[PDB]
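What follows is a short report on a single structure.
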């Protein structure tokens, strides 16, 4: 699961996305987070939708 | 591979994406085309990047 070697803020980058309204069907979200990192500011821009 | 029972235009829906410059790194494009269907017009609207 989540070991003490994992940064509590690093894992929170995933939960933050879910609360933002970001969901995955095939699991492309977790894949995107591995290619474009957990950078919310970058991922949000990837789909243009930043406000509505 | 590609059985003769498959529509030659249906398989081109994926090729068309490549011709548009659409390519995935984490392999999410080949996934999106399954869940959201091979609806090119719909996929382009998913990220709003349909103009430029």
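Protein chains in written order, with this note's numbering: chain A, 1 to 52; chain B, 1 to 52.
Think of the CB as a built atom: it goes at the ideal place given N, C-alpha and C, for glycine as much as any other residue.
- Neighbours of residue 31(A) in chain B, taken as residues at a C-beta separation under 9 angstroms, are given in chain order as 24, 25, 26, 27, 28, 31.
- Assigned with DSSP and collapsed to three states, residue 12(A) falls in helix.
- Annotation: residue 38(B) has no Cβ neighbours in chain A at a cutoff of 9 angstroms; minimum Cβ distance is about 15 angstroms.
- Interface annotation, residue 47(A): in contact with chain B, CB-CB separation under 7 angstroms.
- Rounded to the nearest angstrom, the gap between the Cα atoms of residue 43(A) and residue 23(B) is 16 angstroms.
- The continuous alpha helix (DSSP H) containing residue 28(A) extends over residues 28–35.
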